[PDB]
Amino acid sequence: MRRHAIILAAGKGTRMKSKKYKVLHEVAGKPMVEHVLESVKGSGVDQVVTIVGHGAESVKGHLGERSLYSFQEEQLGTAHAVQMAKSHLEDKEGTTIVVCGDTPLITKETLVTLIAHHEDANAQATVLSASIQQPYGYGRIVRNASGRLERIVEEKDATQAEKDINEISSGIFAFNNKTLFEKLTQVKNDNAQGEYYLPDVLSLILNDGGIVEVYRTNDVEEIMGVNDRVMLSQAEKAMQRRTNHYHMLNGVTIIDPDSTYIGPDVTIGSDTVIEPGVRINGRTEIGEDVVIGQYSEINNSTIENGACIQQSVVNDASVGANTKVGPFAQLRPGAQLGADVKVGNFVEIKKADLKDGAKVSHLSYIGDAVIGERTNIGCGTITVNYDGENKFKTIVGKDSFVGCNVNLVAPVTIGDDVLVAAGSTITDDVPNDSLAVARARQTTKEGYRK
């Protein structure tokens, strides 16, 4: 049977005190709604619909074609939001999970099991619950003698005995999709907020004698809903605790887990050392025996075995084995460093291929360029790749020596085994085994300052 998801992303977010949609605020460098989408899709869901409000271009921009979209004109409650998905899902069959876009810690494994538990019980609906130390204000799970849901009782309606229940509804549900949309027509908004509340469908299903199950997650933190900036930092800290503990149980040294931020899509090989203050996000793959040095930032990159990154910024880059970067270097998108390369302090690499053994040790910019194997780029050297309209390519051959403070005015090709003299501005191609020099000779005015 097919599986669908509705992600609720259209609320006003008044407690966030923001001009942006709440679900666009980030945890681990990604919007909350994108964490939710990743988990939903990872749970095996065939189709996702995201409920969006007015001016949702940013949300739709961010999820792209990974989700369908339904517009909620007025924010009249969670059940009304789910109703907006009718055009996409009313006549679908199978299981539909509903998840709020502000629940970024939800795991794909918990959703997989919620769905499997629902389908195997052939339930009409299944509520995801959790046990919490302080359940004040949450709907309490009241189970009947068979262990299925008797009702979710709100604080205001609970007897003193029911208030002692610690098992609470997370607000995340799985539904028989046909039943969901049939019961939504009967939900009323006869209450103080004037809102259509999604849990009301469960009481409609119960009053009709349908089966509502309960699946309890063992990780209460994963159902946390972020409503303000304090809760957003708590979600960053919960995610940090989760990922750091994962890597430390898998052979990664993390010197200071409180100050180290590793995103949920990062993989790290064993015997790697992450120093304090490091932030690693995006889809990053780090091999074994790597050192990521203090206060580095690494996004969407590949760092191979034995590499050393010291206090550097790395984006959309690849770093080969045993290569050394930094301190204070920047690898920009398309930087491709081979193995045994050196990129020293105050060096910027952009859209450039540094072949094995090449060295760019200091105070240089290498952009739109290929640097051949074992070539030494001197201090202060610049690929002049830009004319103000277009970009041009620089090619340097292997085993060459590019002197200090050299300007390579692209497009230009430097051969193999070439020496380019320090201080030269090179405009013409230089063949293999040549010396190129473009600088004035020295005039010494002796005694001029006597």
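Note that residue numbering begins at 1 and tracks the sequence as displayed.
When 286-294 is weighed against 109-117, 109-117 comes out higher, by mean CA B-factor as recorded in the entry. Stretches 267-275 and 213-221 differ in mean CA B factor, with 213-221 having the higher one.
Per the deposited record, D200 carries the highest C-alpha B-factor of all listed residues (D316, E304, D200, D228).
Highest CA B-factor among the listed residues (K342, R143, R374, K350): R143. When all modelled residues of the chain are sorted by CA temperature factor, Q442 is found within the middle third. Looking at the C-alpha B-factors along this chain, the one for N250 belongs to the middle third. Annotation for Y261: C-alpha temperature factor in the lowest third relative to the rest of the modelled chain, per the entry. Sorting the modelled residues of the chain by their CA temperature factor places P327 in the lowest third. Among the modelled residues of its chain, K359 has a C-alpha B-factor that falls in the lowest third, as given in the PDB entry.
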